[PDB]
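Reviewing the structure listed below.
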Amino acid sequence: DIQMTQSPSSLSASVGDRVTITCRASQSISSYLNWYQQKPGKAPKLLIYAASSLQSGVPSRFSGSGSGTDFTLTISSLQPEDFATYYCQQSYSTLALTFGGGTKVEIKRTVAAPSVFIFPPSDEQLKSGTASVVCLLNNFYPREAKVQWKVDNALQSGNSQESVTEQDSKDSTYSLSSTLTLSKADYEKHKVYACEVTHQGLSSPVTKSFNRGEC
Amino acid sequence: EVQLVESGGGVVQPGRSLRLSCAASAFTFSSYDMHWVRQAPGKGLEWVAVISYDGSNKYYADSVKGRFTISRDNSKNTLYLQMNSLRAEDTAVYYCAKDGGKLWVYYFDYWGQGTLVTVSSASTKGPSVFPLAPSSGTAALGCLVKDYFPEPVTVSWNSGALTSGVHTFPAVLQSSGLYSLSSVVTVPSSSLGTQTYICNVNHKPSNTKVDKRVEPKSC
Amino acid sequence: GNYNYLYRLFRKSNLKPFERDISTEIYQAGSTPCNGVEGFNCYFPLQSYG
């Protein structure tokens, strides 16, 4: 099958910048590469077809180019309404249509240092049997922030799951909530629970830790 | 001016059957090939099916070939998508799109709002609301709406009075098959002892309304 | 001293553009609820100019 690699995975740019997105195909497609736009939640909207055709009713600032495997979508001047997710789809294989990975365009700003908060499981939840430790990173940019869980100085991987909100409309900062979920028996088996955060805006990793049953 | 309205989506158990209907308006439905495209929650686009203008040719993606069916009634200007033997992978929002036919190949001109279809083997359950108290430069508290199904659940603070500083994170489908959601709000550390913070959670599918008080931890 | 000229001193939120507010509810300056009575952290929203 044909796989479409769309780069960059996510770029940061300001309004008026000349944005460029690349799309590569595993095999050769003559001119059958199309570009679609999709806002968060809203439905996709066609932008470019045949890789060199502007869809009717679309701003002229969008321009597609390239042939074969490598294709490029260029916006001469970015606009506030242009921050969305762009997909590239190859049409050469008509009955095996595939879409690109996507390149979300975020609003460029200054680096924001995350605020780290650690919440232990509630006694009400412990009554049920489960225990969840909540690590909240608030008001940081860019979204690339490594969150690690430590139990008795032992790394934990796969025991939790993260959730990142969209870029904020006010300060364009991100929020992440990591929920380390486990059973009651595994909760009393260990004492120290810590959340380490590494972010571009942090000179060194920041660790928020607590001992079980000490307040 | 072209309109496509999707209907028939809902919650169904695995292995069951469902019938989605797309209503076309403000263009010649019978003179264009229709496309069905599904997007899973949080995933990208996935071409599913195509039907010819005359309803004589039907094509499906390999993921659903021999499992779904696409038909169309030109008299009623309707497009029917029968999904038999549904699996959990089918949980997604489906959209009907017009071809356009300006090229020798398939391109997508217009997209409808789509309809959601959820495939799960769990019955409707009432949400469990738990507090998340703050401690001692502002403070942040919240509520946890855990073990609920299906989506969505509406969460408000102080019966909607508390608006600024409230963040409701998207629900996560935990391994148990239910949904877990967390709502938080940041308030000054000064007004934290006497102020009453109550989160109101309503789950219409389960018809469950719960008002949970949030107060600082005492130790 | 003319005290016929007044002005609102407290309000839970900023007025929307061209918004006219004349409510005389006891403003909840402290977070302790005020049940229509003034006193500790329960002040009258309008103050009179001197």
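Just so it is clear, chain C uses Swiss-Prot numbers, and the residues here are 447-496, in order.
This deposition comes from electron microscopy, 3.7 Å.
The backbone N, Cα and C atoms fix where each Cβ goes, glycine too.
Over in Swiss-Prot, the protein carries these features:
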- C:448-456: region 'Immunodominant HLA epitope recognized by the CD8+' (REGION)
- C:455-490: region 'Disordered' (REGION)
- C:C480-C:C488: disulfide bond (DISULFID)
DSSP residue counts for the region 'Immunodominant HLA epitope recognized by the CD8+' (C:448-456), split into helix, strand and coil: 0 helix, 3 strand, 6 coil
In three-state DSSP terms, the structure that C:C488 (disulfide bond) belongs to: strand
Other CB atoms within 10 A, centred on C:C480 (disulfide bond): 17
